[PDB]
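Notes to accompany the following structure.
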Amino acid sequence: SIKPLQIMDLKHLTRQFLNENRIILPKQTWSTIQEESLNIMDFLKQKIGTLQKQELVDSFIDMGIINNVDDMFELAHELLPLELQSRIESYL
Amino acid sequence: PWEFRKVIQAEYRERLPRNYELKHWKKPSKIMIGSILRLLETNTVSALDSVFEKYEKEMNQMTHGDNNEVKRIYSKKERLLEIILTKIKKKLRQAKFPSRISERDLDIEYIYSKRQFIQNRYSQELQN
Amino acid sequence: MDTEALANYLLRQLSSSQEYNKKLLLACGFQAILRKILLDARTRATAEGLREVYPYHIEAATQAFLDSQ
């Protein structure tokens, strides 16, 4: 649908990944990732319902993405510029 | 029960594991709820006219040609279906779904035409 | 794009400051999930040694992640 990311969105995400570590990926994998991204959007919506801070933290702890809110804002700091994480740390 | 949520959660538990965080129920998008609903009313109204026309012969057979009372019957069933429809609408408002399904992919007039086109192309190719 | 765009897409799908921060965290989690899936697929492809990665590695990694979680 509208939600799954286009080719350029995945290209920018993998540009961030390349900044983290140089990784090479081909073209048709982007379409496959778009289809599976619609699937994973459904997966995450069923994983995370009405948006609550504790609910989201528990869901991401169960999913293995994070271990606690510490890893929450640590990943936020890793993936984003400074001011947004100043806001996050004020919130978290 | 009438509530969709209980059966929805039970079948989600059947479909998906326990480490899967099913305890969090996504609010479905209003467009998704509207599409599921609209499919429901389209099916209901189509079958409604089909059934009301199908038994009209037998109905006139046993009703001894009373038209005011068949109008009464039609109106009675109409607002029965309206009340059931309002109940289904509110239960779907409280029913939880992932928002990725479109009504266009579950109407039959599109998929049936696609199948007919595919088989016509197959026939032309085999003749060639 | 940006994690802000991902958060905007996620809030569009769902439909203040705390809600926006929750969207940002969820988008970061989505980024981590996608990075893990891509890393698994690339590791499988490099283990095979293909010149180009192919969609079946991607499908296998995504299905493994879906079943595990």
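How things are named: the first chain in the structure tokens is A, the next is B, and so on; residues count from 1 in each chain; ligands count from 1 in the order shown.
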Worksheet entry | Contact residues (chain A, partner chain C, 6 Å, only C-alpha atoms) as a PyMOL selection string | chain A and resi 9+29+63
Interface rows for chain A against chain B: nearest pair, Å to one decimal, 10 Å, only C-alpha atoms, as JSON lines:
```
{"residue": "A:1", "atom": "CA", "partner": "B:100", "partner_atom": "CA", "distance": 6.4}
{"residue": "A:2", "atom": "CA", "partner": "B:100", "partner_atom": "CA", "distance": 8.8}
{"residue": "A:3", "atom": "CA", "partner": "B:100", "partner_atom": "CA", "distance": 8.5}
{"residue": "A:4", "atom": "CA", "partner": "B:100", "partner_atom": "CA", "distance": 9.9}
{"residue": "A:38", "atom": "CA", "partner": "B:100", "partner_atom": "CA", "distance": 7.7}
{"residue": "A:39", "atom": "CA", "partner": "B:100", "partner_atom": "CA", "distance": 8.8}
{"residue": "A:41", "atom": "CA", "partner": "B:98", "partner_atom": "CA", "distance": 8.5}
{"residue": "A:42", "atom": "CA", "partner": "B:98", "partner_atom": "CA", "distance": 5.5}
{"residue": "A:43", "atom": "CA", "partner": "B:98", "partner_atom": "CA", "distance": 8.3}
{"residue": "A:44", "atom": "CA", "partner": "B:26", "partner_atom": "CA", "distance": 8.9}
{"residue": "A:45", "atom": "CA", "partner": "B:26", "partner_atom": "CA", "distance": 5.4}
{"residue": "A:46", "atom": "CA", "partner": "B:26", "partner_atom": "CA", "distance": 5.5}
{"residue": "A:47", "atom": "CA", "partner": "B:21", "partner_atom": "CA", "distance": 5.0}
{"residue": "A:48", "atom": "CA", "partner": "B:24", "partner_atom": "CA", "distance": 5.3}
{"residue": "A:49", "atom": "CA", "partner": "B:26", "partner_atom": "CA", "distance": 3.6}
{"residue": "A:50", "atom": "CA", "partner": "B:26", "partner_atom": "CA", "distance": 5.9}
{"residue": "A:51", "atom": "CA", "partner": "B:26", "partner_atom": "CA", "distance": 8.8}
{"residue": "A:52", "atom": "CA", "partner": "B:24", "partner_atom": "CA", "distance": 10.0}
{"residue": "A:55", "atom": "CA", "partner": "B:24", "partner_atom": "CA", "distance": 7.5}
{"residue": "A:56", "atom": "CA", "partner": "B:24", "partner_atom": "CA", "distance": 9.0}
{"residue": "A:58", "atom": "CA", "partner": "B:21", "partner_atom": "CA", "distance": 8.9}
{"residue": "A:59", "atom": "CA", "partner": "B:21", "partner_atom": "CA", "distance": 6.4}
{"residue": "A:60", "atom": "CA", "partner": "B:21", "partner_atom": "CA", "distance": 9.4}
{"residue": "A:62", "atom": "CA", "partner": "B:19", "partner_atom": "CA", "distance": 7.3}
{"residue": "A:63", "atom": "CA", "partner": "B:20", "partner_atom": "CA", "distance": 8.0}
```
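Distances here use only C-alpha atoms; by that measure, the residue among B:95, B:84, B:108, B:37 closest to residue B:4 is B:95.
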Response to the item:
Shortest contact to chain C, candidates B:15, B:76, B:39, B:44, atoms counted only C-alpha atoms, goes to B:15
Worksheet entry | All residues 9 Å or closer to stretch 5-7 of chain A, only C-alpha atoms, same chain fewer than 6 positions away omitted, as a ChimeraX atom specification | /A:27,30-31,33-35,37-38 /C:6
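Atom CA of residue A:84 lies 12.5 Å from atom CA of residue C:7.
Nearest-residue note for residue A:53: choosing from A:88, A:78, A:40, A:83, the minimum distance belongs to A:88, counting only C-alpha atoms.
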